[PDB]
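Taking the form deposited in one PDB entry, here's one chain by itself in structure tokens.
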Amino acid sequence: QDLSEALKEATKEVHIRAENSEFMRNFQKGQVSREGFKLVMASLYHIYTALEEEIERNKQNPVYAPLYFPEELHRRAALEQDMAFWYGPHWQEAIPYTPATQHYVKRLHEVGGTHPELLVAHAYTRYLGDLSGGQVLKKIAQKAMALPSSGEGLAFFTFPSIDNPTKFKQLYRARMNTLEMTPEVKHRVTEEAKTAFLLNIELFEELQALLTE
């Protein structure tokens, strides 16, 4: 069975759980505040920073290399612009770095540094979501918070080098399917994808509590 299918199957249950975290439930209903939106976007800034550091570290490693698409996919630059938008020109000392964010970053560095054959799980969990359901979330954010169609403050959700997210997702899946796969790697990759999802749920749990304190 192809890796792209194996990952979709292995994470469909946990995905349902992630959508129904209290934070995402509120987000999807259009009940996201600037305060809540800033917290989550600052946490993604740290997460994607770590993810992409490790991608760059492993760009030539054949257990990752076919998924090397910085121009199309990388989010760090977009997130910097968003941080300048939401937090102002001194954003680097204004943005929070929460413990649940630190925990996700830590696992990203473990994977990138010690288990790079699992990095695909982490890329899959973030980028394929961003190209799919992230575009729905963009539209809700825009409407909730009166964010302009010109895209300021939502650079994260914008892929100016990808014409068509569906076709690119199909390419990315096809290329995932060219990674050298053994039963051992496949099984652990799908497990790590479930972990990546849990790390995201734990962040959403944490942020909700911080908003409700």
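By rigid core we mean the largest C-alpha set that fits within 1.5 Å across both forms. Numbering starts at 1 and follows the sequence shown.
Although it is not shown, the form deposited in another entry is what the next lines describe.
Once the two forms are fitted on their rigid core, between this form and the one not shown the CA displacement reaches 2 Å or more only for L147 among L147, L171, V32, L179. Comparing the forms between this form and the one not shown on their rigid core, the Cα displacement of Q135 reaches 2 Å or more. In comparison with the shown form, the Cα-Cα distance of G134 and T101 increases by at least 3 angstroms in the other entry. Relative to the shown form, the Cα atoms of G134 and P96 move apart by 3 Å or more in the other entry.
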